[PDB]
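In structure tokens, the next block holds one chain alone, the form deposited in one PDB entry.
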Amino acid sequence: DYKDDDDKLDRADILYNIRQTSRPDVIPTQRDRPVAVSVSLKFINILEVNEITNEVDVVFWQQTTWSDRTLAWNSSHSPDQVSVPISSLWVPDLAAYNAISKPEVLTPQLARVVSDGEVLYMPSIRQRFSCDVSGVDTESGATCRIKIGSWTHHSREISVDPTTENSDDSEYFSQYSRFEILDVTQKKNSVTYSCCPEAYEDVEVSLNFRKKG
């Protein structure tokens, strides 16, 4: 109930409940099925681009959602959501397979837990990537691909799925960048390796962008 959002004792009790039930290191699989993790990158800035080394330096908001129904509660007379330090929650062990620098989180490491068990997590991340920068100076642009998946959980445990397939992130991308976004595509993809018998799901984010004229 929105009207109870500012009831501090309710918020405290919800946080307590969440911390009692939460298993931060155990995947929250329900009904013996993979955890469905929804991922969408919203690019904010393209800071540096190197056509020689095929590297980009970018900032994006990583819109991330999943469900853990064990966290649910009846919010008929209490806040429908609270903010929770992610140290109290399981968070998917996502990583970009072509990152060449640490993900630098620029934002408070908090998630929102919804009373129906949904968890919303959106770090702003600055990170560098190895990807195809060729054509950045042309009108058709470069198409830089970023692959994001679970670092240790295979497809039977975690499914990593794109939320939206297409956008030019108009609400998000800085108008002040020297680059402009032509199109952002996000599709599912499965990866396997000769060493290991299982498949790993990821989202392939295709960033089509060019230098402004």
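Don't overthink the numbering: it's just position in the shown sequence, from 1. Rigid core: the largest C-alpha set superposing within 1.5 Å between the two forms.
Undergrad: For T65, record whether it is unmodelled in at least a third of the other compared entries of this protein.
TA: That residue is present in all of the other compared entries.
Undergrad: Given that the flanking residues are present, does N166 go without coordinates in at least a third of the other entries of this protein?
TA: Yes, a third or more of the compared structures omit it.
Undergrad: Mean C-alpha B factor from the entry: is it higher for 164-172 or for 39-47?
TA: Averaged over C-alpha atoms, the B-factors run higher in 164-172.
Undergrad: For the higher mean C-alpha B factor in the entry, choose 124-132 or 86-94.
TA: Higher mean C-alpha B-factor in the PDB entry: 124-132.
Undergrad: Quick one: which of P103, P79, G141, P108 has the biggest Cα B-factor according to the entry?
TA: Highest CA B-factor of the listed options: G141.
Undergrad: Would you mind ranking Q186 by its C-alpha B-factor against the rest of the chain and naming the third, lowest, middle or highest?
TA: For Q186, the deposited C-alpha B-factor lands in the highest third.
Undergrad: Is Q62 in the lowest, middle or highest third of its chain when residues are ranked by C-alpha B-factor?
TA: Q62: CA B-factor falls in the lowest third of its chain.
Undergrad: For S194, does the deposited CA B-factor place it in the lowest, middle or highest third of the chain?
TA: Ranked within chain, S194 CA B lands in the highest tercile.
Undergrad: Sorting by Cα B-factor within the chain, modelled residues only, which third would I52 end up in: lowest, middle or highest?
TA: Highest third, going by the recorded CA B-factors of the chain.
Undergrad: Is the Cα B-factor recorded for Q30 in the lowest, middle or highest third of its chain?
TA: Highest third.
Another form, the form deposited in another entry, is not on view; read the next lines as being about it.
Undergrad: Out of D169, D57, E157, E180, I need the residue that shifts by 2 angstroms or more at the Cα between the shown form and the other one, core superposed.
TA: None of the others reach 2 Å, which leaves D169.
Undergrad: Are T107 and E165 closer or farther apart at their Cα atoms in that other deposited form than shown, with the shift being 3 Å or more?
TA: Compared with the shown chain, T107-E165 is closer in that other deposited form.
Undergrad: Hey, the CA atoms of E48 and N166 end up closer or farther in that other deposited form than in the shown form, with the change being 3 Å or more?
TA: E48 and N166 sit farther apart in that other deposited form.
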